[PDB]
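The chain below stands alone, shown as structure tokens; this is the form deposited in one PDB entry.
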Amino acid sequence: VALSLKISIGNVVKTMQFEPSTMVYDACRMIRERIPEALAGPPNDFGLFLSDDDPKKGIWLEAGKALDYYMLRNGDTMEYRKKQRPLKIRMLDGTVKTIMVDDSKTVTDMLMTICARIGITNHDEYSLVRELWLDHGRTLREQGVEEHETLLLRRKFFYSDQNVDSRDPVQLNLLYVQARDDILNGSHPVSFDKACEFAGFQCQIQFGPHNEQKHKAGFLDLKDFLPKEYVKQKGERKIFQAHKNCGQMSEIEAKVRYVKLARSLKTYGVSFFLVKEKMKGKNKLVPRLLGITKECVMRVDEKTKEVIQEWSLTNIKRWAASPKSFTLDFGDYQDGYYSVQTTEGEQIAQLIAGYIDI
């Protein structure tokens, strides 16, 4: 009724007899009394390990369990193996530190050990991330992480303001979809540079961190990532440099950065109309974007989205629509009406009237 188990240590294999109820912690002691190789380091740096052809499936025995918890049988082998191994962690400043960690611990337990060595007490404001997602309640080993891999130390993201809250993913996703769709469909006009910035975050959100082997030329369908007017361009390299610049940023940080970026623009929350300006004495017309808000009218370059002129709504003296044009009269504020060619004049006139009313 004794269990006869082969103990492997280095190149030694010695069969020892154990009662099936022997606690692992006592079994380790027993081994340390009999094989000098077992004394290579302190007891807490070693344990018993059952290997598997799949390295992911080898398991460390728990000190406080009995051997028979593990269903051990006569002729099985247990390895008395060092738990401590060196793990490369990327710090926040980009440098890489090599820290001794216990292979039998969960990611969470290691992270606590890691933080304490570098002087961080709030270990739960951090997570570890892999270099090509880790459950922090499982071990690195069982998740297929190989010992030569570097992990990154990443601070959990928190941001909130009057507009967005990183703690409420549902609401955040509503605001992100709205801002993104308005940008993709041209409702919110943006420069090419800003479109490509937005699309970098979009890539981060849809694909995760940039992967140079997979996220290569011709990977994106640019019609899904840029306003139409920018598809006829070399946008992909610009988008991927923005994507890359996101590093290991979480999906929620990326959404928050997208929404804040959209709200920072002069053009955000403005109702836009695509109109044309007549050029005196010439046939050409010049496209322009005309924007209206509760506080102002803006004249915006159709290409660059620069605001080239702006007026307060309180400066309008009168305004007039016809079936082909729309005209603003600013009276003594400036010399000359602003008139534009458009078939949407009634609708512009109506938006203005509504704002002036209040």
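One rule holds for the numbers: they count along the sequence shown, beginning at 1. The term rigid core refers to the most C-alpha atoms you can superpose between the two forms while keeping them within 1.5 Å.
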Check: Between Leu132 and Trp133, how many deposited residues lack coordinates (none, 1 to 3, 4 to 9, 10 or more)?
Finding: 10 or more
Notebook entry, point to check: So 229-237 or 256-264, which one's hotter by mean CA B-factor in the entry?
Noted result: 229-237
Margin query: If you average the CA temperature factors as listed in the entry, which stretch comes out higher, 292-300 or 312-320?
Written below: 312-320
Margin query: Take the CA temperature factors straight from the PDB entry and tell me which of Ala179, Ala116, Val190, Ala242 peaks.
Written below: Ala116
Check: Among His210, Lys97, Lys194, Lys83, which residue carries the highest C-alpha B-factor recorded in the PDB entry?
Finding: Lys97
Checklist line | Relative C-alpha B-factor of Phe219, binned into the chain's lowest, middle or highest third | finding: middle
Notebook entry, point to check: Of the three thirds of its chain by CA temperature factor, lowest, middle or highest, which one includes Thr121?
Noted result: highest
Notebook entry, point to check: Compared with the other modelled residues in the chain, in which third is the CA B-factor of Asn44?
Noted result: highest
Notebook entry, point to check: If you rank every modelled residue in this chain by C-alpha B factor, which third holds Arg167: lowest, middle or highest?
Noted result: lowest
Note to self: Quick check on the deposited entry: does the C-alpha B-factor of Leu92 sit in the lowest, middle or highest third of its chain?
What the structure shows: highest
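Same protein, other form: the form deposited in another entry, not shown, and the subject of what follows.
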Notebook entry, point to check: Which is the one residue in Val177, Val286, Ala116, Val231 whose C-alpha moves 2 Å or more between this form and the one not shown, relative to the superposed rigid core?
Noted result: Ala116
Checklist line | Post core alignment: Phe326 C-alpha displaced by 2 Å or more between this form and the one not shown | finding: no
Check: Hey, does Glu302 budge by 2 Å or more at the Cα between this form and the one not shown once the core is superposed?
Finding: no
Check: Do you see a C-alpha shift of 2 Å or more at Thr22 between this form and the one not shown, with the core held fixed?
Finding: yes
Next item on the list: Please say whether the CA atoms of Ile308 and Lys282 come closer or move farther apart in that other deposited form, knowing the change relative to this form is 3 Å or more.
Entry: closer
Notebook entry, point to check: Compared with this form, is the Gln206-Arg90 Cα separation smaller or larger in that other deposited form, the difference being 3 Å or more?
Noted result: farther
